[PDB]
Amino acid sequence: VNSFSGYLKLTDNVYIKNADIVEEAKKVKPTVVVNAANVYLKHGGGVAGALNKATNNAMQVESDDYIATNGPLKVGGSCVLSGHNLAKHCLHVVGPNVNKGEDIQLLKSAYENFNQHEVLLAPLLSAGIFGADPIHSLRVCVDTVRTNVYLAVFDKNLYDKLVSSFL
Ligand SMILES: OC[C@@H]1CC2(CCC2)CN1c1ncnc2[nH]ccc12
């Protein structure tokens, strides 16, 4: 039993809800919140910009030190950093950005990072400003993640469409 509330159950382990991931994380304070990151951890817009603003830019400060030490992530890769005031840990995961020409096949690799954590609050990777089809992002998530994932979908039109089209 965990403290996630109001989710629709899609499969044995994947749940989905219409919610702002920032407000969800502040309420639940999960062990792991997933960020929709880029390889430079420049948290400018989308989910990443929203999560960072909620930390008063502390996420960006920590991220810049991480990059200065380790260099950029790989597309499809991830790193674990602090969850600041939002969660115990933030898993920064790089889904492909279709608007940069990145291979959509790397989306499965991105979701595989979730399997290293027993429970996560997460967005749909590569959705939104990353330019991939959110219906596709959901299918890959369901077919790749085996740990317990609670998906926060920002757009009502998307959320209702995601639910009504789910196979
Ligand atoms: O697939 C990620 C989706 C796609 C997006 C562009 C249209 C809606 C942003 N995003 C979010 N998902 C959950 N919580 C969020 N909080 C702030 C942004 C955000």
Filter the stretch 67-98 for residues that are among the small types (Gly, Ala, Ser) and buried (at least 19 other Cβ atoms within 10 Å of the Cβ); the one that is nearest to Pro30 (Cα to Cα) is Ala87
Name every residue in the stretch 17-55 that is more than 10 Å from the ligand (Cβ to nearest atom), small (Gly, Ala, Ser) and more than 13 Å from the chain's Cα centre (by Cα), in order of residue number. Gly44
Being within 14 Å of the ligand (Cβ to nearest atom) and part of a loop (DSSP other than H, G, I, E, B) narrows it down to one residue among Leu151, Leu138, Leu120, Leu125; which is it? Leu125
State whether the residues of the stretch 68-80 include one that is touching a residue at least 40 places away in the same chain (Cβ under 8 Å), of a type in the set (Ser, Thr, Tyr) and either within 14 Å of the ligand (Cβ to nearest atom) or part of a loop (DSSP other than H, G, I, E, B) (or both). no
Considering the stretch 111-139, residues that are closer than 19 Å to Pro30 by Cβ and among the hydrophobic types (A, V, I, L, M, F, W, C), and then whichever is surrounded by the most Cβ atoms within 10 Å (Cβ to Cβ), we arrive at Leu125
Restricting the search to the stretch 1-56, which residues are free of Cβ contacts under 8 Å to residues at least 24 places away in the same chain, in a loop (DSSP other than H, G, I, E, B) and surrounded by 14 or more Cβ atoms within 10 Å (Cβ to Cβ)? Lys42, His43
Which numbered condition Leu86 misses (of (1) in contact (Cβ under 8 Å) with a residue 40 or more places away in the chain; (2) on the phi > 0 side of the Ramachandran plot; (3) of a type outside the set (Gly, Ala, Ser)): (2)
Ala58, sole failed condition from (1) within 16 Å of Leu151 (Cβ to Cβ); (2) more than 18 Å from the chain's Cα centre (by Cα): (1)
Hey, can you tell me all the residues within the stretch 90-103 that are in a loop (DSSP other than H, G, I, E, B), in contact with a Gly (Cβ under 9 Å, 6 or more places away or on another chain) and either within 10 Å of the ligand (Cβ to nearest atom) or not acidic (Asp, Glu) (or both)? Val94, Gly95, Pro96, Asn97
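Backbone-built Cβ (ideal geometry, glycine too); neighbour counts: all protein chains shown. Since every read-out is calculated from the coordinates, none of them should be taken as a lab result.
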